[PDB]
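Number of protein chains: 6
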Amino acid sequence: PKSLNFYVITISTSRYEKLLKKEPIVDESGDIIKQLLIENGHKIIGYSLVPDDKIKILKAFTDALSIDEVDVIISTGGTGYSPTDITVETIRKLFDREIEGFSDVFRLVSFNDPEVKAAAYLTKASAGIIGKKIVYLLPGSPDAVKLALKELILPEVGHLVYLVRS
Amino acid sequence: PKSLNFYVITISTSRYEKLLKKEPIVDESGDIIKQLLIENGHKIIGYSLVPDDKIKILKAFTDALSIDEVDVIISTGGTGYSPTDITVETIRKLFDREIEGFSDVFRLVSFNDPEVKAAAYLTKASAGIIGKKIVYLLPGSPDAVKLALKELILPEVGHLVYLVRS
Amino acid sequence: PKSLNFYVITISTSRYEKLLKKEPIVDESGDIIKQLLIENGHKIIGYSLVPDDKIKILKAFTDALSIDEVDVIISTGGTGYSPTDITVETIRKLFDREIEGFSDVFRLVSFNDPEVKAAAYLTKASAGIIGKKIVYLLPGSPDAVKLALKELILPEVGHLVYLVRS
Amino acid sequence: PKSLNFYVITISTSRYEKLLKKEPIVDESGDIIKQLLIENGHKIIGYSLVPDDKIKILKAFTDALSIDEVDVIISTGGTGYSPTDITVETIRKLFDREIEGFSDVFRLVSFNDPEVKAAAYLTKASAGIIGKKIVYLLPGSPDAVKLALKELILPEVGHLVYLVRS
Amino acid sequence: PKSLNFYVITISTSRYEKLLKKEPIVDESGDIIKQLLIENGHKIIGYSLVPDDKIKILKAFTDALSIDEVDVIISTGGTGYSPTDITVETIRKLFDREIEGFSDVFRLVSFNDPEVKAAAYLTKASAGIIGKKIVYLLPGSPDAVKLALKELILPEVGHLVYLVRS
Amino acid sequence: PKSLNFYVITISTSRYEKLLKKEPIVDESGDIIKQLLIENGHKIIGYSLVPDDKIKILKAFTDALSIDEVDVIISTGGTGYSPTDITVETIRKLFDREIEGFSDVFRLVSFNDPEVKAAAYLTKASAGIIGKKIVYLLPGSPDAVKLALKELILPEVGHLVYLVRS
Ligand SMILES: [Mg+2]
Ligand SMILES: [Mg+2]
Ligand SMILES: [Mg+2]
Ligand SMILES: [Mg+2]
Numbered sequence: 001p002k003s004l005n006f007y008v009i010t011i012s013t014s015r016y017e018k019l020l021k022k023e024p025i026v027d028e029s030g031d032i033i034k035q036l037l038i039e040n041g042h043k044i045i046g047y048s049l050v051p052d053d054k055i056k057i058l059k060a061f062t063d064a065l066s067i068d069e070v071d072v073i074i075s076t077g078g079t080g081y082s083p084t085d086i087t088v089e090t091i092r093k094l095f096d097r098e099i100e101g102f103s104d105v106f107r108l109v110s111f112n113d114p115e116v117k118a119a120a121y122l123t124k125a126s127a128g129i130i131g132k133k134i135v136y137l138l139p140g141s142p143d144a145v146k147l148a149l150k151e152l153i154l155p156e157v158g159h160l161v162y163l164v165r166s
Numbered sequence: 167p168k169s170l171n172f173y174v175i176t177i178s179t180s181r182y183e184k185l186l187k188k189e190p191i192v193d194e195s196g197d198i199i200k201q202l203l204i205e206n207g208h209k210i211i212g213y214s215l216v217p218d219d220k221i222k223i224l225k226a227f228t229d230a231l232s233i234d235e236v237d238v239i240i241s242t243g244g245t246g247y248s249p250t251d252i253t254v255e256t257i258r259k260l261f262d263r264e265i266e267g268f269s270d271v272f273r274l275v276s277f278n279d280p281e282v283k284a285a286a287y288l289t290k291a292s293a294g295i296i297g298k299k300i301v302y303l304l305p306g307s308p309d310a311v312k313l314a315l316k317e318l319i320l321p322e323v324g325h326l327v328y329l330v331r332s
Numbered sequence: 333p334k335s336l337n338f339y340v341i342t343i344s345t346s347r348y349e350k351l352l353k354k355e356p357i358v359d360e361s362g363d364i365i366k367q368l369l370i371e372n373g374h375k376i377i378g379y380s381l382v383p384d385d386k387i388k389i390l391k392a393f394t395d396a397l398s399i400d401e402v403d404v405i406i407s408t409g410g411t412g413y414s415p416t417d418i419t420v421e422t423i424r425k426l427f428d429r430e431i432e433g434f435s436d437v438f439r440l441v442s443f444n445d446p447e448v449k450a451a452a453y454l455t456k457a458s459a460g461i462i463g464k465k466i467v468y469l470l471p472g473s474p475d476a477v478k479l480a481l482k483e484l485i486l487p488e489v490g491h492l493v494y495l496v497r498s
Numbered sequence: 499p500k501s502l503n504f505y506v507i508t509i510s511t512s513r514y515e516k517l518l519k520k521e522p523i524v525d526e527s528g529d530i531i532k533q534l535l536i537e538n539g540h541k542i543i544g545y546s547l548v549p550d551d552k553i554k555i556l557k558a559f560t561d562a563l564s565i566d567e568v569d570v571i572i573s574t575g576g577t578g579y580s581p582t583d584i585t586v587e588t589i590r591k592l593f594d595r596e597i598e599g600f601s602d603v604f605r606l607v608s609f610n611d612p613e614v615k616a617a618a619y620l621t622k623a624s625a626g627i628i629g630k631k632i633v634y635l636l637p638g639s640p641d642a643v644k645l646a647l648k649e650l651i652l653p654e655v656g657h658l659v660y661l662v663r664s
Numbered sequence: 665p666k667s668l669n670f671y672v673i674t675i676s677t678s679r680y681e682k683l684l685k686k687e688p689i690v691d692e693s694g695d696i697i698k699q700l701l702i703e704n705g706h707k708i709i710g711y712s713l714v715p716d717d718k719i720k721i722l723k724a725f726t727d728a729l730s731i732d733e734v735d736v737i738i739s740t741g742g743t744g745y746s747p748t749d750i751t752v753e754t755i756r757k758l759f760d761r762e763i764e765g766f767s768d769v770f771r772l773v774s775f776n777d778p779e780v781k782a783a784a785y786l787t788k789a790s791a792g793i794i795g796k797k798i799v800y801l802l803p804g805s806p807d808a809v810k811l812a813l814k815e816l817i818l819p820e821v822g823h824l825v826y827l828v829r830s
Numbered sequence: 831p832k833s834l835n836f837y838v839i840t841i842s843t844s845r846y847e848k849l850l851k852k853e854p855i856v857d858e859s860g861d862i863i864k865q866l867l868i869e870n871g872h873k874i875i876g877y878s879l880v881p882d883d884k885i886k887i888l889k890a891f892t893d894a895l896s897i898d899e900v901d902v903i904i905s906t907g908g909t910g911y912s913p914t915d916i917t918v919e920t921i922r923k924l925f926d927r928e929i930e931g932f933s934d935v936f937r938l939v940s941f942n943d944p945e946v947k948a949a950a951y952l953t954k955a956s957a958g959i960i961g962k963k964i965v966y967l968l969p970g971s972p973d974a975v976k977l978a979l980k981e982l983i984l985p986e987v988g989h990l991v992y993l994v995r996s
């Protein structure tokens, strides 16, 4: 299988505000995505951290989309029903095609986690295609991100990139 | 855990026609919802019964939304593919935010019931948020309503109400 | 249980091009659909083969819809994320009502097939209602079509036809 | 021509807050609508005053829609681009059918007013049909309301009610 | 200037029913369209007559779209607010791209006709593009069809066909 | 009246291709916008030139939206029915609120020009609000841009900016 190039975006107001104050931050979810993607033979070619702000989130995504070498963009954060969760409403609109089934299949595997169960209906984690690039909008939770990567992204992303570019 | 205030809406033309004549009605599904809610420490602060009529359905929901003390509205009926089933089409247009995953997660738990299985794809049961209130639109079937309450609403609704109001 | 009348549409550019040249084609998925329907007491009252072309797909479907005796239309092909897959985007527009849950329940059954698993989120197989006729848009894959027929269509299609004509 | 029955809704936060404090209010726009509708042989069968609040606006409309004798509902207020203008976004969704051309034709006649001109593109005044009733969502401005009534509503509303009920 | 090939579709339930009975019909609007097109150097390469039935309307349009030589499809009938008027709702779905401004510019020219004026907001006449073919959905009214042809279609249709095939 | 800060975006593949080679460019439409704005006391705080490419268009707009000091963004190009015109389809998906009437009011003033007339229905020029900023998407034609600026933007934009920020 090909090594693919990934850009990672963390959407977290608390962490962004610390970055502004030059304070130490731990980005557990972003770290997990990088670690797993690298462990599996892929490359991280960029990373950004933004708060729950429409314009800032759009700029983070367009910056990544504008790098020709990027194959896949993965974000973590802002896909639930907190009043300030706006990631899906901001980005999903931009997809050339929504990968419609990613949302329900992610909720299916989430429902199977005995620590999640019915909480599965409280995520809007989504995937789509823009140009020849794939985009995954994942939850803030480290366990959720790990689940999405291992069960859904790592096994199929190669074939999906191939397919979209065929 | 917090006692929450619920408003129950039964959508049934046959039962509504009896109501108009003050003839006896058995509302099995509405009664199941009320009983399960009370057994779990919640309160029923309102109830209404309407037929499959767009205006009457809209009024039933707006009358409930107008009560400041209501936290959650649950309806039963009119969420399938009978020509006269219009509940979801009517009330989705009120949502501030659709709780998108409720539909497929409800169909997942329904499919898993060996008495239901593939019949799961014949429901459009849905949920959403209007203001600081949660709305669940459930099937007419007593067994479907019991499943939704026990497996999906009772376990998650407290945290969901908190989240939407945070 | 009614014998129902089915019209079968294969959407395959490679096979269509062979047709034009008057060469042998082998349509495994269409053949599977026909055999499983007949074996279950249903009738095949028409069949057509078209490429991934919008107008030709629309014509195939409207020709079938224009036959009063047709109860159900089932197509195979063009429901994935290949750049040329346009079946769902083309026909889903024509639905009076989308049978919304067919998509996710199909992906649920697909995901539980140990040979498919995560590949489940790469399909957009869908169903809908036009007039008093039911329409299923299935994948090109022979295994997917068998799964859809055995698990979802054959068990519920009788009741669904009844229901929409109620 | 028939005498038709109208329900008038004023959407104004300032006026609503005075009503709560039992203070005198002047509703110039509502008064103009009543006066002109009555001068032209029609009847006013109800009136309500609400602020720019989604739930309160929905309740005002459903209350009017639920009166069988009502033929037409006319509202004034909240159809522009103030952050708090939400009338169109709240009600337009509820239409069975939008009367699509009302919006642009109203902007056409507004553009012709030498005191409005290009300000015409800053209104979203709209019309639609719910059940057998017509709904007009008009601006807050008295001159705008007068214009809508004289040029668009009074001349055509009779035929439109007839048509919708045919 | 190209001679273009036009297909003409009349949507009229009363005239269709006469056809079935083999009685004389008189189609004034279709006749106007044909005469004005021919008089302007264009060709009529097909014609059909259908009632206000979704499937029959879809079949009329797809039959025309399936003729390679057809450049433009023009229909007359079913674009108002009669409960049986379904032309726009049916065909507008099929557009690759809606020619968005045809609707309001048609209503502008209509409004300026001193015999139409405010009746202008009661039409939904529309235009769109499917493949490399242009489609105009015009009212049933003979005067409306003449106006559309003379003021909007004949002057711009050549350039529009050129443009979409660019 | 307030001096406002504008960001001008030219969308032209031919000019962008020249830019890449640092070949001379004449951008008549962009220059007209800049000149009229400056003559009316406004400031140009940014400019970019992009081709008809979805990602590049999205980046141009997000780079402008990211400048706190920008009040209004005006683009020229790609708002017609050429197959490669994608400006409106791309940027409408960014709007918080579409300024719905800008489209038809622009077509009204365009139709009124005797050099344009029915050509008015071949544009999709649009406007919207993102955050506290206004966005106008104008045609490529120099005469169209001049008309939009003088008749629709310069007279109303000051009050509109105030309103959106109130
Ligand atoms: Mg665990
Ligand atoms: Mg059981
Ligand atoms: Mg005046
Ligand atoms: Mg001039």
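Protein sequences, first through last, are from chains A, B, C, D, E and F.
Residues 1 to 166 (the working numbering) are what the first sequence spells out, left to right.
Residues 167 to 332 (the working numbering) are what the second sequence spells out, left to right.
Residues 333 to 498 (the working numbering) are what the third sequence spells out, left to right.
Residues 499 to 664 (the working numbering) are what the fourth sequence spells out, left to right.
Residues 665 to 830 (the working numbering) are what the fifth sequence spells out, left to right.
Residues 831 to 996 (the working numbering) are what the sixth sequence spells out, left to right.
Ideal Cβ positions, reconstructed from N, Cα and C, are used throughout, including at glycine.
Looking at residue j and residue i, is the spacing between their C-beta atoms short of 7 Å?
i: E:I721; j: E:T743; result: no
i: D:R605; j: D:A625; result: no
i: B:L329; j: A:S14; result: no
i: D:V506; j: D:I531; result: yes
i: C:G490; j: C:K334; result: yes
i: B:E317; j: B:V282; result: no
i: C:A457; j: C:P471; result: yes
i: A:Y136; j: A:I74; result: yes
i: C:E401; j: C:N337; result: yes
Could you list which residues in chain H have their beta carbon closer than 7 Å to that of residue i, in chain order?
i: A:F102; result: Of the protein chains in the structure, A, B, C, D, E and F, none is chain H.
Under 9 Å Cβ-Cβ, which residues of chain A neighbour residue i?
i: residue 325 of chain C; result: Since the first residue of chain C shown is 333 and the last is 498, residue 325 of chain C is not available in this structure.
Can you find a heavy atom of ligand 1 that lies under 6 Å from the Cβ of residue i?
i: A:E151; result: no
i: A:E115; result: yes
Kindly indicate the opening and closing residues of the alpha helix (DSSP H) around residue i.
i: B:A314; result: Per DSSP, B:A314 belongs to no alpha helix (DSSP H) and is neither H nor E.
i: F:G860; result: 858–869
i: D:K541; result: Taken as a continuous stretch (DSSP letters only), D:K541 belongs to no alpha helix (DSSP H), being part of the beta strand (DSSP E) at 541–548.
What residues from chain D crowd round residue i, counting only those whose CB sits closer than 7 Å?
i: F:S996; result: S580, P581
List, in order along the chain, the chain B residues whose C-beta lies closer than 9 Å to that of residue i?
i: C:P487; result: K283, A284, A285
Could you give the residue range of the beta strand (DSSP E) that holds residue i?
i: E:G792; result: 790–794
i: F:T914; result: No beta strand (DSSP E) contains F:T914, which DSSP labels as neither H nor E.
i: F:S905; result: 902–906
Against residue i, what residues of chain E qualify as contacts under a CB-to-CB distance less than 9 Å, listed in chain order?
i: C:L495; result: Under the 9 Å cutoff, chain E gives no residues; its nearest Cβ is about 19 Å from C:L495.
Kindly list, in the order they appear in chain F, the residues whose Cβ is closer than 7 Å to that of residue i.
i: D:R595; result: Near D:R595 there are no residues of chain F at all, since even the closest Cβ is about 18 Å away, more than 7 Å.
What residues from chain D crowd round residue i, counting only those whose CB sits closer than 8 Å?
i: F:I959; result: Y579
In chain A, which residues lie less than 7 Å from residue i when you measure between Cβ atoms?
i: C:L440; result: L108
Runs of 4 residues minimum, wholly inside the region 87–122 of chain A: which ones carry the alpha helix (DSSP H) assignment?
Secondary structure within the region 87–122 of chain A: the alpha helix (DSSP H) runs of 4 or more consecutive residues, fully enclosed, are 87–91, 100–111 (chain order).
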